[PDB]
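Two separate entries follow, structure 1 and structure 2, each one form of the same protein chain as C-alpha cells.
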Structure 1
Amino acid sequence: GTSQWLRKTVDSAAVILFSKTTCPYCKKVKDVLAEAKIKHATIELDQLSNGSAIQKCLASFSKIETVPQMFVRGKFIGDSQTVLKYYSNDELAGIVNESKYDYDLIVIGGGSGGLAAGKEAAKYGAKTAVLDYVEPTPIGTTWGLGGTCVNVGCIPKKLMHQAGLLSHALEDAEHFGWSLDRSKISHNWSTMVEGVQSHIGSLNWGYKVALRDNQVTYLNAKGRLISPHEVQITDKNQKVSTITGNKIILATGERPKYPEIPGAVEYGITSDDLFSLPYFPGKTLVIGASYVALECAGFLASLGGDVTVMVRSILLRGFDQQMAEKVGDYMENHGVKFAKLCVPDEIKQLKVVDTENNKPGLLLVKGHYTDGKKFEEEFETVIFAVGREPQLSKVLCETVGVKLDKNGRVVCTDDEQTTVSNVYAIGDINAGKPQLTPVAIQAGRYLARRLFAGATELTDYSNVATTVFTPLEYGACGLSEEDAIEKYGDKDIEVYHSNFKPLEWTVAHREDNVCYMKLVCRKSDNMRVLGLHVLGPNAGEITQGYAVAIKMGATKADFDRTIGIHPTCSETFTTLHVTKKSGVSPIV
C-alpha cells in the first residue's frame, strides 16, 4: 500500500523533507531552511501509522534509512550534513531552484480555484506560475485578477443584493420608530457601482500582491496548451512565448452563453457587463431562470427598477421545484413580472446608449410563447442569464488530447486528473462537480497538497450547501425532495416541513406563512436527513451550520435533541413536527 504512495509522492514533490518530530537533526534543518527563506513540504513520519515501513523503503531512492531526508523533484539531495554543507556557501538557494522545467506548476486561469491552488503549492516549494487573461465581453468589459466570483460573481452579486435588502430595511425602520420618509428616498445606481467597483478594485490588488508575497510568478497572459508540458502565453501586445511546466492545472472557468438569435450579442448584456455598468439598467428584461437570473432580477427590482424575467419552462432547474416555486412567487408578489413559457426570437435596437448623459437606450424584444402567440415589448436593458459554458477550444490544442465531455468540460478521475497524467482540472470546468467558489478553492487546495506535499485526502463534492440570493434568500443542502423520492422511493421518504415568520417581520407588518423550511428524510435509515431547505432571511447563515451535521450523516432525532436558540429563524428546524403525509398545514 505504502509502496505505491511513496512512489508517486517523491517523484511529484518540488521541495520535500521526510522527518520525525522525535529526531533532533530533523528539527535543526527546519530552522536553517526557514532563515534561508526556503518553502518546503514536511511529512512527519512519527505522526503516521503507514510510516513504520518508510525509512526502510527510502533505501530504494537514496540507499539510506536515516532521517532527515530532503528531496528536490524526485531526486535526493542530502541529510543534516549535506544540507548544512550546501548552506555555508549560499549554495542552498541555487540547489532548490534547480529545475527540469521552467516551473513546477503552471496554473492556467487566475480565478477562485486557480489562485487557491497556486498559493498552496508555493507554500510547499513549487516554483509556481499563475496565468490570467480576461477576454473582453462583446460590448468591451474587462477586469482585474480574481476570476468570476471576485469581479462579476458572488462579490458584486451579494453587495448588490445587500443594497437591495437595505431598501426594505429603510421601509421597516419607520415601523421600529425611526423618523424617515421612505417615499422621499431614492437610490443612486452610479454611487453604488463606485462602491462595488472600488472593493473589487482593491481585491484585484490584494491578489496581485498576495502572489508576489508567495514567490508565485503572476503573468497577465492568455495561456494556450500546446503539449503536455508546454504552455504558450500571449501578452498584452502579441509577444508569444513558451514556458515549460511539470504539473499543469487547468482552471479557466466558464463565460455566459448568449442565445443564438439576432441582435443578442449586439444589444444584449450579460452578467459580466452588469456589475460595472455605468448607468441604471432601467426597464429590464432578464432572459433566463438560473440563480444568476433571479438574483439579478431580484436586486434590480429592489432598487426601484421595472423588471421582467422571461422563462422558457421552469425556474431554477436542478433545484428543488417546490422551493423554486416559492422563490418565484415571493418575487412575483413583489413586482417582478414574469413572462411564463416564453422564448426570445430577436432583439432590435430602438435607441442607442447615451454616454455623454449616462442613460440607457431602448430595445425591442421580439419573441413567441409556447402556444405560438407573439411577444413584443420595449426594454431599456436586456440581460441574458441563460447558462454558462467552458471555452476550452481557446485553451486546448486538440492534439494534446484532454478528454472533454458531452458539453465541452474536462473529464477527470477523482483526483482532478485528466486523461493526460500530468494535467489536472479544477473548478467550474471539471465535469459533474458543483459549480461554486468554495468548491473550486477546496478542490485547488487539496490538489496542491496531494501533488507537492504527499497528501491523500480527496475533495468531497457531495452535499455541498448553496444559497440562492434572491429578494427572499433560499438555502439548500443535500437532495431536493423530488430527487430524494426517485432515489429511495416515495414510501421511504418522510418530509417534515413548516412555515415561519422572523420576529423582525412582525412589527414590520410583513407576510405570515411565506418563510418556509423542510427536512427530507429516509425512515428506513433512521430518518436520515438527506436534504435541508430553507426560504427566509440570512438563509446562507442559517444553512451553513447544518451542512456539517449533514456531512456527518445527521438524522431527524439529532435535530430534535438539539435545542433551539431563541429568537432565531434557524431554530424552527429543531422543533419540526408536521409531516407532509399527515396532510396537516405547515402554517402558524
Structure 2
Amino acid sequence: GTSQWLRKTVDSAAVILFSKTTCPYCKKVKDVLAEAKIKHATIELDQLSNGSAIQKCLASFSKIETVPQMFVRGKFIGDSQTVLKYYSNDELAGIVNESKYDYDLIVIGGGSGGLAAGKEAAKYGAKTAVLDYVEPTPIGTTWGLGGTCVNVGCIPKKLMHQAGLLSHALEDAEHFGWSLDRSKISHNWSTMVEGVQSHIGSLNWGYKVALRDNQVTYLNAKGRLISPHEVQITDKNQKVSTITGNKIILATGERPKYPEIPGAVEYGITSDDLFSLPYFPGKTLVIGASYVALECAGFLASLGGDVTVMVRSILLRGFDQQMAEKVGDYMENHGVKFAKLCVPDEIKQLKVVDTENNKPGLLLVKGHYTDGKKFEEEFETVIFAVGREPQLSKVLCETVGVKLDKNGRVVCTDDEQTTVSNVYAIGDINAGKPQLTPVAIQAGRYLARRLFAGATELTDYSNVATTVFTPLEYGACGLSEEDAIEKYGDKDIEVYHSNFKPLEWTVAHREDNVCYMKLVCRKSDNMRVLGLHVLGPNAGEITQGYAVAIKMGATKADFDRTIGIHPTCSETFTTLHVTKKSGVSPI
C-alpha cells in the first residue's frame, strides 16, 4: 500500500518536504524554509520501515530518488539546489503561495472540531480559513468564538457543577471542624455567571489570538457550500461574497431542539441561554431527561433552587439503565423533584422577566401524565433539554451532493469523507459518532494530519469514555450491561460490582451503599472488560486512565494484578470480586 499512500500524500499536502535526518542537504532546505518562515510538513524517510520503497516511488513524481524533495500542492518543486535557487532569486515565496484556490482549507464552523482542524492544518503550511457565526437564540442570546463547549456547554456546565459541589463542601467543612454559620450563607447567581463569562471571554480571545498566531484567516461570517470548492459567505454588514478552497471541512455542530407546543419558543429557554442568563432562574422546570437535563437540574438544586425535571419515559436513554436509575435516585433523594411519565402541552406567561432588577418572570406549565392526570404548575423558568439537532438542509445539501441521514447528519467514511470527495465533516454533525468535544478535536487534528502531513491514523471512535456531571458523577467506558448481554448472550456475560463509600464521606456523614461501580466482562474472551461504570465523586478523573487499558484490551485479571492507590475511590476497581450471578450483595 506504499504506492497509494505516497500518491494520496503528494496530491493532498499543501507544502511537504521528504527528507532524511542525517542529510546536510535536507538541513540546508529546512534552514531556508525557516528563514523564510515557510511552514511545511516533513517526512523523514530514514524513520519509516518502508522509506527506501518511498524513495523509489518518489521518482514517479519527481524523476529523482534522492532527498530532499519538496512538493507544493501536488507538484514537485525541486531538490536542495533548486530550492536554494528560488530562495536566492526571491521566487520561493511566489512558488509556495501558488494555488488554484483562495485556500487549501476552508473550515465552516469555529467550534471544538473546526478550530482543532484549522490550527492543525496551518501548522503544515496549508492556507486556512475558519468561518464562525453564532445564530442568536429566540430570545437573542449570542456568544463568541469557540463553539458549544467553550460558550454554552462543557466549560460553563462544569464550572456551575463546581459551584454546586462547593455548596456541599460548605456542609462538609463543619464536620471537618470548620466553624461557620451556614444559615447566613447564600448564593448569588449573577456573580457566578460573571466569573464564568469572564473565563469564557478569555477563551474567545484566546482562540482568536491562536488563529492569528497560526496565520489562519478568521472570518466572523456564515458560510454556505454552494459547489465542491465554493463557499458563499455573509458578513455582519450583510455583505455576500465567495471564497474558494481545495479541502472543505464541515464542522457546524448542533443546536438545542424545542418541542412543538405553544409557548415553548416564546417563553422557554435552553442550555444556550442558561449559561449567560442575567437573572437567576428561580423555581425551575427542566423538560427532558438526558445529560443536559440532569446536569442542569443538578447544579441548580445544589445552588438552593427549587427544581423539577419532567420525564417523558426514562432517564439517559442510551446509557446503562441501572446506572441511570442510580443517578436519578441520588438526585431525587437530594431535593430534585421528578414529574414521571409526563409530557408538556403548553407554556403560558404569567410575568415578564424583570430586565432592570435582573429577576425572572413567571410561567404556567400545563401537561398530562400517562394515567390521565393533568399536570398544571407555576415555574419561574422553563428549560428545554430535549435533544440537539444539526442545522443543514436535506435539499440544499443534497444539491451540492453532500448526503445527510434521516436526522440531518452528514454520512461519512471512516476517514470523515462525505459523498463529495474534497469535503469532510467532523464533530457533532458526523452521523453515528459519539458527540463529545475531545472526539471532535481528535477527529479534526487527525484529519488535518492526514490531509496535509501524510499521516495514516484514523480516529478510533470505539470505547470512548464519557462522564455525566450530575451532582453524583457517572463515568463510563465501553458497553452498558444490557447492550453486552444483547450482543453476546447472558451466559457469556459476567458482571463484577461493588458499592463503596469515599473516605471523605465518612466524617461528613454521607450515604453508605450509594457510590457504585461495575465491570461488564465476557467469559469466553478471557474475562475481557467490555464496559466500565462508576457512580461517584470525580468519576471522570477515575474513568480516564481505565479507557487506555480498555483500548488495549484489558481483562479482569489485568485489573486484579494491578495494585490500588489508598485511599481513593478508584482503587475499588482493583479488588472487585462480587459477581451479579452469585446473588451476593454489593454492600
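In this text, the rigid core denotes the largest set of C-alpha atoms whose superposition between the two forms falls within 1.5 Å. All residue numbers here follow the sequence of structure 1, with the first residue given the number 1.
**Student:** Shifts of 2 Å or more in the Cα, rigid core superposed between structures 1 and 2, apply to only one of 491, 317, 394, 337; name it.
**Tutor:** Comparing both forms, the shifted residue turns out to be 394.
**Student:** Rigid core fitted, is the C-alpha displacement of residue 260 between structures 1 and 2 2 Å or more?
**Tutor:** Comparing the forms between structures 1 and 2, which are aligned on their rigid core, residue 260 does not shift its C-alpha by 2 Å or more.
**Student:** Aligning on the core only, does the CA of residue 91 end up 2 angstroms or more away between structures 1 and 2?
**Tutor:** After core superposition, the displacement of the residue 91 C-alpha between structures 1 and 2 reaches the 2 Å mark, so yes.
**Student:** After superposition on the rigid core, what is the displacement of the C-alpha atom of residue 534 between structures 1 and 2, in Å?
**Tutor:** Taking the core as reference, the C-alpha of residue 534 is shifted 0.1 Å.
**Student:** How much does the C-alpha of residue 51 shift between structures 1 and 2, in angstrom, given a rigid core superposition?
**Tutor:** Shift of residue 51 at C-alpha, rigid core superposed: 2.2 Å.
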